[PDB]
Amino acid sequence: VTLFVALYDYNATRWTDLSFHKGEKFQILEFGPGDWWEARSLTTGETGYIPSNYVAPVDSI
């Protein structure tokens, strides 16, 4: 399990993408292929693409 945390709110523009809030946690499922990552939200359980610069690794896992 790879956990990341959002540093900013983001509002999806493509139906394949998650919308989220600063502070939300994500299990990353694939780091691409490309600069959008497949992720499951730990808040809502939804799966989709997130922009990689909106998130950062959690401190320890």
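Throughout, we count residues from 1 along the sequence that is shown.
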Sorting the chain's CA B-factors, does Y54 end up in the lowest, middle or highest third? lowest
Quick check on the deposited entry: does the C-alpha B-factor of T44 sit in the lowest, middle or highest third of its chain? highest
Where the record places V1 (Cα B-factor, split into thirds across the chain): highest
By the entry's values, the third containing the CA B factor of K25 is the middle
